[PDB]
Amino acid sequence: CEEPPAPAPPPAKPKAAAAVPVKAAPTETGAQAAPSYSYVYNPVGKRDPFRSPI
Amino acid sequence: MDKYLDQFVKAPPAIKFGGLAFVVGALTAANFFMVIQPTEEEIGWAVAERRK
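Here the protein sequences come in this chain order: A and B. Just so you know, we're using UniProt numbering here: the first sequence kicks off at 5 and counts up by one. Just so you know, we're using UniProt numbering here: the second sequence kicks off at 1 and counts up by one.
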């Protein structure tokens with residue numbers, strides 16, 4: 005068996021732990037967006053048409 | 001008392017030498033065990049490190 009952990013070392017974990025870790029990353033990462041927002045819009049304005057045609 | 005003392009002048013060169021020898025044998029047993037244990041500990045640290 006392996007003990008409370010193994011012997012001195014503890015041992016063997018070059019196998020357990022080596023074909024584990026893992027690979028972590030650990031990817032503390034890919035969460036939720038606020039996204040972002042665009043802005044509106046450019047006119048002054050006028051008349052022309054449509055003054056005469058109404 | 002002297003009969004024992006000339007038993008001490010005849011023999012205990014042999015007995016003192018012998019005692020010294022059994023002691024040095026014990027101490028060599030002890031240091032050989034104390035070099036076998038760091039072997040085991042060392043294989044252990046190997047197995048940890050490789051797992052890292």
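We treat Cβ as the ideally placed atom computed from N, Cα and C, and that holds for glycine.
When CB distances to chain A are screened at a threshold of 8 Å, the residues of the segment 16 to 45 of chain B falling below it are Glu-40, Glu-41, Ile-43, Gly-44, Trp-45, in chain order.
The DSSP-derived three-state label of A/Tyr-41 is coil. The beta carbons of A/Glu-6 and A/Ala-21 sit no closer together than 8 Å. Residue contact with chain A for B/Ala-14: absent (no Cβ-Cβ distance below 8 Å to any residue of chain A). Judged by beta-carbon spacing, B/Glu-40 lies within the 8 Å limit of A/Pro-11, meaning their Cβ atoms are closer than that value. Shown in chain order are the members of the segment 10 to 30 of chain A whose Cβ falls below 9 Å from a Cβ of chain B: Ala-10, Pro-11, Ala-12, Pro-13, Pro-14, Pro-15, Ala-16, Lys-17, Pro-18, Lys-19, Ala-20, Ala-21, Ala-22, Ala-23, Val-24, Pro-25.
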